[PDB]
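Colleague: After the structure tokens below, expect a handful of questions from me.
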Amino acid sequence: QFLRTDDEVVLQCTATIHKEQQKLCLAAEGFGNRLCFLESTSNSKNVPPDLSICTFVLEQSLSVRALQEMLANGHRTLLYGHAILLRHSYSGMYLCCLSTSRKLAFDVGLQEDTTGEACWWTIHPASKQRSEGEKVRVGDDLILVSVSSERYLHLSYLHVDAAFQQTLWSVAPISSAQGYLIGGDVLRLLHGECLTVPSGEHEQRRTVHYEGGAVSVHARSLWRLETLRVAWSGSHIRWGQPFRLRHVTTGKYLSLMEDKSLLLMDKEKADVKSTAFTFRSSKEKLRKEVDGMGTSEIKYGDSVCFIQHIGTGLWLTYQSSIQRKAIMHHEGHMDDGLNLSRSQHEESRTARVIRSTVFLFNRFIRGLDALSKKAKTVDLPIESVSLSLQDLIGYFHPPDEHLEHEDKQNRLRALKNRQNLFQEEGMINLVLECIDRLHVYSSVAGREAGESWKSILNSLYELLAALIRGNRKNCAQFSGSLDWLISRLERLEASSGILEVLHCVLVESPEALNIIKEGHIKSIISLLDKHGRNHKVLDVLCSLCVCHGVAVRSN
Amino acid sequence: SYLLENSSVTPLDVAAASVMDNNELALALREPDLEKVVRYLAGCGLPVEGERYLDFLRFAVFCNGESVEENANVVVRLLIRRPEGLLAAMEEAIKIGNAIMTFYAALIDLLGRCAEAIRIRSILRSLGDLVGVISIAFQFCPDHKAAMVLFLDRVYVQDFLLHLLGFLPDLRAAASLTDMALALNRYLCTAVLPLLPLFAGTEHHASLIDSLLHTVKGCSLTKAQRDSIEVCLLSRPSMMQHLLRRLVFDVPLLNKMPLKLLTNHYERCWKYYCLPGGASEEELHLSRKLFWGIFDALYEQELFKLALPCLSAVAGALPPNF
Amino acid sequence: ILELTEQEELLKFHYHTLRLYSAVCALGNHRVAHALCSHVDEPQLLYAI
Amino acid sequence: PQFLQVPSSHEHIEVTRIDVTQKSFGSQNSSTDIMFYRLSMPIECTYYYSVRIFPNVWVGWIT
Amino acid sequence: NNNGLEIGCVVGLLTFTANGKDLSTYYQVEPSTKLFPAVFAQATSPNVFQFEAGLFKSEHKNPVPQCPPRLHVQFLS
């Protein structure tokens, strides 16, 4: 009925695209993207909207006057005339006005810290019905004005910019019970063993499987429960309200295809009655909607949940290395009452970033495939890549020494969890393929986009190192490519970067210490003839000499 | 507010005169009255009509030299929304409808008469085009540039200052004796605005001397002479002495009283050039020896010889219509 | 070496050699350690003390 | 006097690492006096080492 | 009279070929000692000096057939 502090909402408008008011909401990605864009929620039948990166949380709603004093240095209800703070509900980035163009309107972005006036945005109705001081209700057509630039959050023609013309930003709510299922939550699917999807570089990862053991840890056992509705997506999960399932790592919707089987298909093929399921308590096939958080119905831990497709009434059963293949059938077994379990927020935060790493580098691979074969211009992102490349280093930044111990341990425990997730989806291998195709020429492409080629390669290894520095696993996963790194060691371009990967591996892989041979180490000592005098080489040779604690005397 | 709604063309002249002088009154006005003005500007899509509104708004926010801020803020904020690229299409109109040319001059003056007060700079820095119109009005002429300079002065180092300088074309076209005759006396008060490497500055000091040669109108020349006394006080010293070398040729032409006062202005400048000198310093001792013939040539002379007393102390620092 | 305090890049590298030379003698590399007596010359180390 | 590499902080006498195996040098400045271009690495005891000259010169093989 | 190609070939003994033409009988003598490749200059123009039967990279470094002259980092000035 109202809008208060700490309530998840969206910012929706319309646009005149071919006689239809395209009901589009504000979208901005994060962790790869600082800029804002549009997501149409009109075609919810065929190409349903990515509602994860559209929602925003009203972190603080204070007036203009009660802010500048605080800036010189509690579910409060929103009133018109208050400057609100719109943190992005996924990336934790605050919505701000920028200092750039896309045209004398500034641009709208998601910056990191709440300091500065750009993060705050005042609300004013464009309605003579309601005025200032009135409680902001559900679904009021309102205008968002900045505080720094004091420009309107405007829908330009098809881009978001802080302009001087106004736009009615209709605010549909999403949510506001702990331990009960809430829609929108990325979560697993337990058995008593969990539902999985095939691993990296494996089919285009489309099959559906039950699997026990250590796949519950993995990201490929994560499933986002997306409702059909735009508003009140964070309603509590009831028995029988509809849900478009969508796999996290591939970014594909779980769809019933009558031609083959239950499959993972993309955004565009997944029509509603081909992909949306519901939940049943028994295996029977006996409400439409409520507007609110709804009935706090089903638990995470203690809930035996049968899964039924809407359009056909099929049930999620299994066929039968345990790669127990899950399918859809009219009856199935009595082992279809699948228990649920939520993911942690960081677990969800990694894996959405994983699909962000996916769509970014694969365009970067295919763009590199275009200008490697023939010269002269398939879209090759550079800045978008380097923005993510810098950010992921920051994502995998180690905890500070100037941090308190227990929090440092938690962040490090978080860090390894962040690291383990990229290995088990093959992001390490994905980076490994990008280092392949870039290390071809020597500064081909457009050399303002291809100008940062030197700085891209450096930070690739600096990413690649950082995904190693803690884990005994992932360094042992460089069993294979360790000889290849010593092969590209003598590129002399980013040769410190190859070494810094190879340093931190050989601190933590007694596995790979025993791999390395004469001519490899000869080449490492040969590199010291190349690059003058680097003590960097020496600590590598120190680490090739001494293990974790023991000696390798043949070395 | 009665009169505003009437004024569609005079009637808005009346509202103008009702405001101009008084600070007190100009503060007292409210914002929707000003909004009715600019909504009439929004109607101008084609003008001549809009120039009377912006003239009104010019006398809305400035009023005593001190740009009154509460007017200045709210005036501007509405103007972004409907102002209503625009530089270069104006540049067509010179060679062509005189009202379109005068229009944007008055628009830029409104913005020129106005300067948390930092964001208003930024929108006014959002309108680059600066030197473009400065290049136009070297060629009706005088009104456009003086509005651009006051825009340039409030909104928007010494390198870019010398970058702007056919102000020599103003000083040289003084001998055309009628639009240009009225131009030059307008650019005498415009010459006070540049009061606030060395080679191109010597051309401009000679251009200031060419304006002083056009001076050697009358009260405007007193604004030019005050612009001349501040110019030599602002400045190397040999380039100031190269300007004093062409002034020594004018000092020979001086000894009518305006050229002697220009020489009295160079006399305390010679007191400044004496400490830098302690070339033509021998000819500077000959200028004080020509001032001994000026002592042979002689209440206003008490002020002229007290400047020559500084020139007597300056000669001893060196002795220590074509 | 006494000068080489100020020769900072060259200070750092040679230090890492001393880690390296002490490295390769990791707990009883005697065939190596006889060889390093030729490189580093024990009475020089007595003087280094 | 002794040898030391050319850093970028200099009177702008520019070293350019170029590959077939050449290094150009520039003197668009108010420094003309003395330049001793000694490369880093010696020889001990077939292999021709070329020096291209656009504009005097003293080519040296110096211990 | 614009280009000069003064070439001090090595290997023990030295030779000079200036503009590809022999100006030899130079001070070419050392049994087993060292020689810096040096060009001593008074800066008469910019783009002043460009540097380079085996090649000089293959002599000096650790690889010694190394007949393509692959540049390194230690080629310093």
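Residues in the structure tokens are numbered from 1 in each chain, the chains being A, B, ... in the order shown, and ligands are numbered from 1 in the order shown.
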Leaving out residue 79 (chain B) and any residue of its chain fewer than 6 positions from it, which residues lie within 12 Å of it when counting only C-alpha atoms, given as a PyMOL selection string?
Modeller: (chain A and resi 164-165) or (chain B and resi 34-42+54+57+72-73+107-108+110-111+120+123-124)
Colleague: Can you tell me, as a PyMOL selection string, which residues in region 150-216 of chain A count as strand (DSSP E) by DSSP?
Modeller: chain A and resi 152-156+159-163+169-170+173-175+186-187+194-196+209-211
Colleague: Deliver the residues from the most recent selection as a file, using N, CA, C and O atoms, as a PDB file, in the first residue's frame.
Modeller:
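What ended up in part_9.pdb:
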```pdb
ATOM      1  N   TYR A 152      16.729  15.721 -14.135  1.00  0.00           N
ATOM      2  CA  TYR A 152      15.677  14.723 -14.080  1.00  0.00           C
ATOM      3  C   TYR A 152      16.162  13.415 -14.663  1.00  0.00           C
ATOM      4  O   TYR A 152      16.767  13.387 -15.724  1.00  0.00           O
ATOM      5  N   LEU A 153      15.802  12.335 -14.012  1.00  0.00           N
ATOM      6  CA  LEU A 153      16.083  11.009 -14.506  1.00  0.00           C
ATOM      7  C   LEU A 153      15.193  10.658 -15.680  1.00  0.00           C
ATOM      8  O   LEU A 153      14.139  10.093 -15.507  1.00  0.00           O
ATOM      9  N   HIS A 154      15.690  10.969 -16.869  1.00  0.00           N
ATOM     10  CA  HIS A 154      14.880  11.042 -18.061  1.00  0.00           C
ATOM     11  C   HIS A 154      15.095   9.881 -19.032  1.00  0.00           C
ATOM     12  O   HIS A 154      16.228   9.351 -19.173  1.00  0.00           O
ATOM     13  N   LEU A 155      14.005   9.488 -19.693  1.00  0.00           N
ATOM     14  CA  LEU A 155      14.044   8.487 -20.744  1.00  0.00           C
ATOM     15  C   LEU A 155      14.261   9.133 -22.113  1.00  0.00           C
ATOM     16  O   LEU A 155      13.318   9.588 -22.734  1.00  0.00           O
ATOM     17  N   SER A 156      15.504   9.196 -22.578  1.00  0.00           N
ATOM     18  CA  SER A 156      15.813   9.851 -23.879  1.00  0.00           C
ATOM     19  C   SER A 156      15.601   8.881 -25.053  1.00  0.00           C
ATOM     20  O   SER A 156      15.344   7.690 -24.829  1.00  0.00           O
ATOM     21  N   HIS A 159      17.707   5.588 -24.302  1.00  0.00           N
ATOM     22  CA  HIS A 159      18.773   5.617 -23.303  1.00  0.00           C
ATOM     23  C   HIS A 159      18.365   6.452 -22.093  1.00  0.00           C
ATOM     24  O   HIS A 159      17.566   7.393 -22.205  1.00  0.00           O
ATOM     25  N   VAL A 160      18.912   6.096 -20.941  1.00  0.00           N
ATOM     26  CA  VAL A 160      18.639   6.805 -19.709  1.00  0.00           C
ATOM     27  C   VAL A 160      19.680   7.900 -19.508  1.00  0.00           C
ATOM     28  O   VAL A 160      20.830   7.661 -19.596  1.00  0.00           O
ATOM     29  N   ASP A 161      19.243   9.115 -19.260  1.00  0.00           N
ATOM     30  CA  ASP A 161      20.148  10.222 -19.013  1.00  0.00           C
ATOM     31  C   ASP A 161      19.513  11.211 -18.038  1.00  0.00           C
ATOM     32  O   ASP A 161      18.283  11.352 -17.947  1.00  0.00           O
ATOM     33  N   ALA A 162      20.374  11.868 -17.280  1.00  0.00           N
ATOM     34  CA  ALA A 162      19.943  12.904 -16.360  1.00  0.00           C
ATOM     35  C   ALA A 162      19.712  14.190 -17.127  1.00  0.00           C
ATOM     36  O   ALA A 162      20.636  14.927 -17.398  1.00  0.00           O
ATOM     37  N   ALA A 163      18.464  14.451 -17.487  1.00  0.00           N
ATOM     38  CA  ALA A 163      18.124  15.560 -18.367  1.00  0.00           C
ATOM     39  C   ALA A 163      17.248  16.573 -17.690  1.00  0.00           C
ATOM     40  O   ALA A 163      17.073  16.528 -16.456  1.00  0.00           O
ATOM     41  N   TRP A 169       8.223   7.977 -13.650  1.00  0.00           N
ATOM     42  CA  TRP A 169       8.817   6.705 -13.259  1.00  0.00           C
ATOM     43  C   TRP A 169       7.893   5.998 -12.279  1.00  0.00           C
ATOM     44  O   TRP A 169       7.900   6.236 -11.077  1.00  0.00           O
ATOM     45  N   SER A 170       7.076   5.118 -12.835  1.00  0.00           N
ATOM     46  CA  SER A 170       6.129   4.327 -12.059  1.00  0.00           C
ATOM     47  C   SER A 170       6.865   3.289 -11.248  1.00  0.00           C
ATOM     48  O   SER A 170       7.690   2.539 -11.786  1.00  0.00           O
ATOM     49  N   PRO A 173       6.375  -2.273  -6.587  1.00  0.00           N
ATOM     50  CA  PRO A 173       7.109  -2.914  -5.501  1.00  0.00           C
ATOM     51  C   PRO A 173       7.464  -4.338  -5.776  1.00  0.00           C
ATOM     52  O   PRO A 173       6.855  -4.988  -6.628  1.00  0.00           O
ATOM     53  N   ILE A 174       8.460  -4.827  -5.061  1.00  0.00           N
ATOM     54  CA  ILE A 174       8.906  -6.199  -5.199  1.00  0.00           C
ATOM     55  C   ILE A 174       8.741  -6.931  -3.870  1.00  0.00           C
ATOM     56  O   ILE A 174       8.056  -7.973  -3.827  1.00  0.00           O
ATOM     57  N   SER A 175       9.331  -6.389  -2.795  1.00  0.00           N
ATOM     58  CA  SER A 175       9.265  -7.036  -1.470  1.00  0.00           C
ATOM     59  C   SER A 175       9.608  -6.045  -0.366  1.00  0.00           C
ATOM     60  O   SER A 175       9.734  -4.871  -0.668  1.00  0.00           O
ATOM     61  N   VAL A 186      17.689 -16.983  -5.767  1.00  0.00           N
ATOM     62  CA  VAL A 186      18.483 -18.023  -6.352  1.00  0.00           C
ATOM     63  C   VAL A 186      18.738 -19.097  -5.307  1.00  0.00           C
ATOM     64  O   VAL A 186      19.193 -18.798  -4.211  1.00  0.00           O
ATOM     65  N   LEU A 187      18.440 -20.345  -5.650  1.00  0.00           N
ATOM     66  CA  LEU A 187      18.531 -21.437  -4.699  1.00  0.00           C
ATOM     67  C   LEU A 187      18.763 -22.778  -5.396  1.00  0.00           C
ATOM     68  O   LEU A 187      18.785 -22.852  -6.613  1.00  0.00           O
ATOM     69  N   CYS A 194      21.374 -33.333  -5.337  1.00  0.00           N
ATOM     70  CA  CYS A 194      20.785 -32.116  -5.858  1.00  0.00           C
ATOM     71  C   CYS A 194      20.665 -32.160  -7.359  1.00  0.00           C
ATOM     72  O   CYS A 194      21.327 -32.938  -8.011  1.00  0.00           O
ATOM     73  N   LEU A 195      19.820 -31.296  -7.898  1.00  0.00           N
ATOM     74  CA  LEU A 195      19.719 -31.100  -9.334  1.00  0.00           C
ATOM     75  C   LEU A 195      20.967 -30.406  -9.873  1.00  0.00           C
ATOM     76  O   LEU A 195      21.476 -29.464  -9.272  1.00  0.00           O
ATOM     77  N   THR A 196      21.436 -30.853 -11.026  1.00  0.00           N
ATOM     78  CA  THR A 196      22.580 -30.230 -11.646  1.00  0.00           C
ATOM     79  C   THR A 196      22.387 -30.015 -13.136  1.00  0.00           C
ATOM     80  O   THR A 196      21.368 -30.336 -13.658  1.00  0.00           O
ATOM     81  N   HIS A 209      20.160 -33.041 -14.715  1.00  0.00           N
ATOM     82  CA  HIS A 209      20.637 -34.216 -13.971  1.00  0.00           C
ATOM     83  C   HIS A 209      20.453 -34.075 -12.492  1.00  0.00           C
ATOM     84  O   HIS A 209      20.623 -32.988 -11.976  1.00  0.00           O
ATOM     85  N   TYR A 210      20.122 -35.171 -11.807  1.00  0.00           N
ATOM     86  CA  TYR A 210      20.340 -35.265 -10.358  1.00  0.00           C
ATOM     87  C   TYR A 210      21.774 -35.699 -10.102  1.00  0.00           C
ATOM     88  O   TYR A 210      22.348 -36.514 -10.832  1.00  0.00           O
ATOM     89  N   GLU A 211      22.343 -35.167  -9.033  1.00  0.00           N
ATOM     90  CA  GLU A 211      23.670 -35.554  -8.651  1.00  0.00           C
ATOM     91  C   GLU A 211      23.866 -35.299  -7.170  1.00  0.00           C
ATOM     92  O   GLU A 211      23.468 -34.272  -6.648  1.00  0.00           O
TER      93      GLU A 211
END
```
Colleague: Excluding same-chain residues fewer than 5 positions from residue 23 (chain C), what lies within 9 Å of it counting only C-alpha atoms, as a PyMOL selection string?
Modeller: (chain A and resi 541-543+545-546) or (chain C and resi 18)
Colleague: Quick check: residues of chain E within 10 Å of chain A, only C-alpha atoms, returned as an NGL selection string.
Modeller: :E and (61-63 or 71-76)
Colleague: What does the file look like for those residues with C-alpha atoms, as a compact mmCIF listing (two decimals), in the first residue's frame?
Modeller:
```txt
# COMPACT_ATOMS: atom_id res chain seq x y z
CA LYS E 61 73.46 -13.93 -25.46
CA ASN E 62 73.09 -17.38 -24.03
CA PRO E 63 71.51 -18.89 -27.16
CA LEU E 71 65.70 -8.31 -29.44
CA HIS E 72 65.57 -8.54 -25.66
CA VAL E 73 64.96 -6.19 -22.82
CA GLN E 74 68.56 -5.83 -21.79
CA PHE E 75 69.41 -4.01 -25.07
CA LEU E 76 69.81 -0.75 -23.12
```
Colleague: Please report as a PyMOL selection string which residues of chain D come no farther than 7 Å from chain E, using only C-alpha atoms.
Modeller: chain D and resi 5-6+21-28+32-63
Colleague: Can I get the selected residues back with C-alpha atoms, as a short mmCIF file (atom, residue, chain, number, x, y, z; two decimals), in the first residue's frame?
Modeller:
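part21.cif written:
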```cif
data_model
loop_
_atom_site.label_atom_id
_atom_site.label_comp_id
_atom_site.auth_asym_id
_atom_site.auth_seq_id
_atom_site.Cartn_x
_atom_site.Cartn_y
_atom_site.Cartn_z
CA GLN D 5 70.61 3.92 -18.67
CA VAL D 6 68.48 6.57 -20.11
CA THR D 21 66.43 -4.48 -34.61
CA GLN D 22 66.82 -0.71 -34.58
CA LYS D 23 66.77 2.06 -32.04
CA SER D 24 66.20 5.74 -33.14
CA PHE D 25 67.35 8.76 -31.07
CA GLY D 26 66.15 12.41 -30.99
CA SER D 27 67.67 15.74 -30.00
CA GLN D 28 64.95 18.40 -30.67
CA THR D 32 73.83 19.58 -28.27
CA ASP D 33 77.09 19.15 -26.32
CA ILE D 34 78.07 15.49 -25.61
CA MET D 35 76.22 12.17 -26.18
CA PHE D 36 77.90 8.84 -25.48
CA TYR D 37 75.50 6.10 -26.66
CA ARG D 38 77.01 2.92 -25.05
CA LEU D 39 74.96 -0.13 -25.27
CA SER D 40 74.67 -2.37 -22.17
CA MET D 41 76.33 -5.59 -23.10
CA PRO D 42 79.96 -6.49 -23.89
CA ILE D 43 81.71 -9.17 -25.94
CA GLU D 44 84.46 -11.76 -25.16
CA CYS D 45 86.88 -13.83 -27.33
CA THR D 46 81.34 -13.01 -38.12
CA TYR D 47 78.63 -10.83 -36.42
CA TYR D 48 78.07 -7.45 -38.10
CA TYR D 49 76.67 -4.55 -36.05
CA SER D 50 75.28 -1.71 -38.12
CA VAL D 51 74.88 1.96 -37.25
CA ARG D 52 72.62 4.10 -39.43
CA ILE D 53 73.51 7.81 -39.61
CA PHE D 54 71.03 10.46 -40.87
CA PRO D 55 73.22 13.56 -40.28
CA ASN D 56 80.39 14.16 -35.81
CA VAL D 57 80.24 10.39 -35.23
CA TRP D 58 82.64 8.19 -33.19
CA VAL D 59 81.60 4.47 -33.44
CA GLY D 60 83.29 2.58 -30.64
CA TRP D 61 83.92 -0.97 -29.47
CA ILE D 62 85.15 0.04 -25.98
CA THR D 63 86.04 -2.02 -22.86
#
```
Colleague: For chain A, which of C:40, C:48, C:24, C:32 is the closest residue, counting only C-alpha atoms?
Modeller: C:24
Colleague: Could you pull the residues within 12 Å of residue 192 (chain B), counting only C-alpha atoms, minus those fewer than 3 positions along the same chain, as a CSV table (one decimal) with N, CA, C and O atoms, in the first residue's frame?
Modeller:
```csv
chain,number,residue,atom,x,y,z
B,146,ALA,N,30.3,42.5,-26.7
B,146,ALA,CA,30.4,42.9,-25.3
B,146,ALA,C,29.5,42.1,-24.4
B,146,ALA,O,29.8,41.9,-23.2
B,149,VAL,N,31.7,38.9,-24.1
B,149,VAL,CA,32.8,39.1,-23.2
B,149,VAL,C,32.4,39.0,-21.7
B,149,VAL,O,33.0,38.3,-20.9
B,150,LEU,N,31.3,39.7,-21.4
B,150,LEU,CA,30.7,39.6,-20.1
B,150,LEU,C,30.3,38.2,-19.7
B,150,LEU,O,30.3,37.8,-18.6
B,153,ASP,N,33.6,36.6,-19.2
B,153,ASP,CA,34.3,37.0,-18.0
B,153,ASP,C,33.8,36.4,-16.7
B,153,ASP,O,34.5,35.9,-15.9
B,185,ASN,N,33.7,53.4,-29.0
B,185,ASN,CA,33.5,53.9,-27.6
B,185,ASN,C,32.8,52.9,-26.7
B,185,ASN,O,33.0,52.9,-25.5
B,186,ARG,N,32.1,51.9,-27.3
B,186,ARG,CA,31.6,50.8,-26.6
B,186,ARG,C,32.7,49.8,-26.2
B,186,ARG,O,32.7,49.1,-25.2
B,187,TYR,N,33.7,49.7,-27.1
B,187,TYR,CA,34.8,48.8,-26.8
B,187,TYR,C,36.0,49.6,-26.0
B,187,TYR,O,37.1,49.0,-25.9
B,188,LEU,N,35.7,50.8,-25.5
B,188,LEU,CA,36.6,51.4,-24.5
B,188,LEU,C,36.2,50.9,-23.1
B,188,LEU,O,37.1,50.6,-22.3
B,189,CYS,N,34.9,50.7,-22.8
B,189,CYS,CA,34.5,50.1,-21.6
B,189,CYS,C,34.7,48.5,-21.6
B,189,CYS,O,34.9,47.9,-20.6
B,195,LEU,N,41.7,44.0,-18.3
B,195,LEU,CA,42.6,44.4,-17.2
B,195,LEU,C,42.9,43.3,-16.2
B,195,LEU,O,43.9,43.3,-15.5
B,196,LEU,N,42.0,42.3,-16.1
B,196,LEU,CA,42.0,41.3,-15.1
B,196,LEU,C,42.5,40.0,-15.8
B,196,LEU,O,42.5,39.9,-17.1
B,208,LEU,N,47.0,48.9,-27.8
B,208,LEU,CA,46.5,49.8,-26.8
B,208,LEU,C,47.1,51.2,-26.9
B,208,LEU,O,46.4,52.2,-26.6
B,220,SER,N,34.8,58.4,-22.3
B,220,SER,CA,35.1,57.0,-22.7
B,220,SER,C,36.6,56.8,-22.9
B,220,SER,O,37.2,55.8,-22.6
B,221,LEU,N,37.3,57.9,-23.3
B,221,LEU,CA,38.8,57.9,-23.4
B,221,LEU,C,39.4,57.9,-22.0
B,221,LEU,O,40.5,57.4,-21.8
B,222,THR,N,38.7,58.5,-21.0
B,222,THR,CA,39.1,58.4,-19.6
B,222,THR,C,39.0,57.0,-19.1
B,222,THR,O,39.8,56.6,-18.2
B,223,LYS,N,38.0,56.2,-19.6
B,223,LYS,CA,37.9,54.8,-19.3
B,223,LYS,C,39.0,54.0,-20.0
B,223,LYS,O,39.6,53.0,-19.6
B,224,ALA,N,39.4,54.5,-21.2
B,224,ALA,CA,40.5,54.0,-22.0
B,224,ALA,C,41.9,54.3,-21.3
B,224,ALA,O,42.8,53.5,-21.3
B,225,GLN,N,42.0,55.5,-20.8
B,225,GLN,CA,43.2,56.0,-20.1
B,225,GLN,C,43.4,55.2,-18.8
B,225,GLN,O,44.5,54.9,-18.4
B,226,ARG,N,42.3,55.0,-18.1
B,226,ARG,CA,42.4,54.1,-16.9
B,226,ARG,C,42.7,52.6,-17.2
B,226,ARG,O,43.4,51.9,-16.5
B,227,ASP,N,42.2,52.2,-18.4
B,227,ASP,CA,42.6,50.9,-19.0
B,227,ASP,C,44.1,50.9,-19.4
B,227,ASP,O,44.8,49.9,-19.3
B,228,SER,N,44.6,52.1,-19.8
B,228,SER,CA,46.0,52.2,-20.2
B,228,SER,C,46.9,52.2,-18.9
B,228,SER,O,48.0,51.7,-19.0
B,229,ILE,N,46.5,52.9,-17.9
B,229,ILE,CA,47.4,53.0,-16.6
B,229,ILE,C,47.4,51.7,-15.9
B,229,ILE,O,48.5,51.3,-15.3
B,230,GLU,N,46.4,50.9,-16.0
B,230,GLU,CA,46.3,49.6,-15.4
B,230,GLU,C,47.1,48.5,-16.3
B,230,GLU,O,47.6,47.5,-15.8
B,231,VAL,N,47.2,48.8,-17.6
B,231,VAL,CA,47.9,47.9,-18.5
B,231,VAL,C,49.4,47.9,-18.3
B,231,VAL,O,50.1,46.8,-18.2
```
Colleague: Looking only at the backbone, which of the residues in chain E does DSSP tag as helix (DSSP H, G or I), as a PyMOL selection string?
Modeller: chain E and resi 56-60
